[PDB]
Amino acid sequence: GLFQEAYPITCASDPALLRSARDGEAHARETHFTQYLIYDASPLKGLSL
Amino acid sequence: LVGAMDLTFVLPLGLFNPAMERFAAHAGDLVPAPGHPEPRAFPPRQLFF
Amino acid sequence: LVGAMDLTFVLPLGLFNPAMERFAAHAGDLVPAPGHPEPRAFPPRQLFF
């Protein structure tokens, strides 16, 4: 309510994209033919749960 | 000394890849069985998280 | 103090992967000899462990 902001999470359009974006974004398949992916950018990134 | 951090989250759903990012990053990858349509070529409606 | 424990287990047979997940990670892999039918696109009837 202060920044009037929000954050994404780890989400994508395919399970194929969800698999290779696992262990982090060192090799994140961020985009593909029509598909896409969002790596989590958040105060909650880097944590477990 | 315990409490709540409330964070709203944003997920774009069913949007579409822009005109530049429609590549594959390698030739042979995300390939179907040879009698199958490769469903990654149409606009996505699914979402995974 | 040397004790006991039981666990129950779930194993799937014969199921079929959903259509978004029928992909392969790479194109050239799990290929037979060049005159052979590629039986990997068949309904799975086994389970190994």
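The rules behind the values
- Residues numbered from 1 in each chain as written, not as in the entry; some residues may be left out.
- Chains lettered and ligands numbered in written order.
- Part of a larger assembly, values for the part shown.
- Heavy atoms only, no water.
- Contact = heavy atoms within 4.5 Å.
- Buried area = accessible area lost by both parts, 1.4 Å probe.
- Salt bridge = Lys/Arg side-chain N within 4 Å of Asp/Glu carboxyl O.
- Polar contact = N/O pair within 3.5 Å; in protein donor to acceptor, adjacent residues only side chain to side chain.
- Helix = DSSP H or I, 4+ residues; strand = E, 2+ residues; numbered from the N terminus.
- Least-squares fit on C-alpha atoms.

This entry lists cryo-EM as its structure determination method and reports a resolution of 4.5 Å.

Under the annotation held in the PDB entry, chain B carries the name Major capsid protein and is attributed to Human herpesvirus 2. The title line of the PDB record says "Structure of HSV2 C-capsid portal vertex".

The name given to chain A in the PDB entry is Major capsid protein, and the organism recorded there is Human herpesvirus 2.

Peer 1: Quick rundown of the interface of chain A and chain B? Include the residues and the values.
Peer 2: How big an interface is tends to be stated in terms of the accessible area lost upon association of its parts. Each partner contributes to the interface: chain A provides 22 residues, whereas chain B provides 26 residues. The contact between chain A and chain B buries some 2200 Å² in all, and 64% of this surface belongs to carbon and sulfur atoms. Where chain A touches chain B, the interface holds one salt bridge. Here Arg40 of chain B ties to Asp14 of chain A by a salt bridge, and the two come within 3.1 Å at their closest N and O atoms. Across the chain A-chain B interface, the total number found is ten residue pairs in polar contact. Elements supplying a minimum of two residues to the side of chain A that touches chain B: β1 (11–12) and α1 (15–20) of chain A.

Peer 1: Before we move on, can you summarise the side chain of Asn17 of chain B with the specific residues and values?
Peer 2: Along the chain, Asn17 of chain B turns up in the segment before β1 (29–31). Among the polar contacts listed, one links the side chain of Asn17 of chain B to the backbone oxygen of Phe33 of chain A, at a separation of 3.1 Å. Those residues in contact with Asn17 of chain B, other than ones at most four positions away along the chain, are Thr31, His32, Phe33, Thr34 and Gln35 of chain A together with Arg22 of chain B.

Peer 1: Lay out the relation of the copies chain C and chain B with the relevant residues and their values.
Peer 2: Superposition of chain C onto chain B requires a rotation of 60° combined with a translation of 0.2 Å along the rotation axis, giving an RMSD of 0.7 Å. Both copies of the chain, as the preceding transformation shows, are related through a six-fold rotation axis. If distances are taken from each C-alpha of chain C to the rotation axis, the shortest is found for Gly28 of chain C, at 7.2 Å. Comparing interface residues between copies, only 11% of those in chain C also lie at the interface in chain B; the contact surfaces differ.

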